[PDB]
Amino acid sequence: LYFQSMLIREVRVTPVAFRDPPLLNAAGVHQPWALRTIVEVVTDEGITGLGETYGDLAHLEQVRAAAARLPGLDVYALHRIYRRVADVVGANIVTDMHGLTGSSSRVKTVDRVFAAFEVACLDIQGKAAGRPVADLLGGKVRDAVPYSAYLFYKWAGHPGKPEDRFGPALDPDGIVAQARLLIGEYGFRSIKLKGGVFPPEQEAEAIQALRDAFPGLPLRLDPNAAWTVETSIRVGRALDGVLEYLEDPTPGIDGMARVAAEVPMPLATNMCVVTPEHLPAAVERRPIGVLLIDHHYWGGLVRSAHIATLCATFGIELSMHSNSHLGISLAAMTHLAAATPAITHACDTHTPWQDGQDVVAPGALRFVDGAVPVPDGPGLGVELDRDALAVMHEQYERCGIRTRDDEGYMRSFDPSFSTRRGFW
């Protein structure tokens, strides 16, 4: 009767930490431990669903608060769950320390907390129907989702820890060699370089060297708003016919709009259009040709799919943004991209940098020629490896990091460093 209608019995929230390399970006350097939060929704009948979100302490505390107010709600009642999260978040606005996904706000905070639950509830709905999540989203329109090689400048390793197998990358030769390593292992057919680390002329030379080494592979460059309008325009024109797109060259909708009218390739963003309140300004001002969507902060798979439709109506193309993440997020990203016609560019992923660390059972997620086939099983098609989850949770307990702070980590070496924002 009552306990046989797919109601939530309990929600388990487990923060986890896993090893991350010293990847460089406009906000500093990645710390040695990356944090995530794993969410497991369990129904009365024992069906479980998994979600994954940010590990930062302020977010984790909201996720815990919301989780404690979900028992008794129906896993199909996504509007009602969204409302409950919004009630729990209340007046609070959660801000991160890096700004690499743009400004904070109330709606964005609610969407970030809601997304973990929503993915888990969709996993459950898929299982209950014997179908992949993609089928709840209208069915897959492609069998496999292409991902890009996500290249970074990086240190050889962190201070007083072992050097990683990737080696250092601090110039065009190192960037090219890093690309050969990733493409060789994963088969990526697109390349993205994370910029805003070295002067723009040096990063432009890395892009040129990639083009020479990898003819025919689409290239993207992302300085995370590290440049001025003037520099952006200069670099934009110097890279004519070389980039598929230029992502967030400069801060703010106004600056982006001025760059866009003067460079030959489209602009992309995951910094100045990051919540639905920003869309009408994006339509009006045209700062971008491509929106990088990310279900972790747009509020889950369904809301992301609605945003895709809106973008397509107003003539904006879609790709997918990525932060260091595990297999649950990769499965979710893959279902969403597989079922969304408007997501036509290769998606980003950090997967290769995690070096095989994961909390799901092996064999469900694989890369085939640079693409991830939609997983086989009903729901997300991944299952929790509980021993690995316990190891990563213990890592979190001992790791001494509670909030992602790339700038703080860089400042521990160079106290005059600040996140580069319209700096070059």
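From 1 onward, residues are counted along the sequence shown.
Student: Highest mean C-alpha temperature factor of the two stretches 380 to 388 and 33 to 41, which is it?
Tutor: It is 380 to 388 that shows the higher mean C-alpha B-factor.
Student: For the stretches 342 to 350 and 142 to 150, which has the higher mean C-alpha B-factor as given in the deposited record?
Tutor: It is 342 to 350 that shows the higher mean C-alpha B-factor.
Student: Checking the entry, which one of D135, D212, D123, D74 has the top C-alpha B factor?
Tutor: Among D135, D212, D123, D74, the highest C-alpha B-factor in the entry belongs to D212.
Student: Using only the C-alpha B-factors in the record, can you name which of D294, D111, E247, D173 has the highest?
Tutor: Among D294, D111, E247, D173, the highest C-alpha B-factor in the entry belongs to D173.
Student: Using the temperature factors of the C-alpha atoms in this entry, rank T275 within its chain: lowest, middle or highest third.
Tutor: Answer is lowest: the recorded C-alpha B-factor places it there.
Student: Among all modelled residues of this chain, ranked by Cα B factor, put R303 in the bottom, middle or top third, i.e. lowest, middle or highest.
Tutor: Its C-alpha B-factor belongs to the lowest third of this chain's values.
Student: Looking at the C-alpha B-factor of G102, is it in the lowest, middle or highest third of its chain?
Tutor: Within its chain, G102 is a highest-third residue by C-alpha B-factor, going by the deposited values.
Student: Can you work out whether the C-alpha temperature factor of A26 puts it in the lowest, middle or highest third of the chain?
Tutor: Answer is lowest: the recorded C-alpha B-factor places it there.
Student: Taking the chain's C-alpha temperature factors as the reference, tell me which third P159 falls into: lowest, middle or highest.
Tutor: Answer is highest: the recorded C-alpha B-factor places it there.
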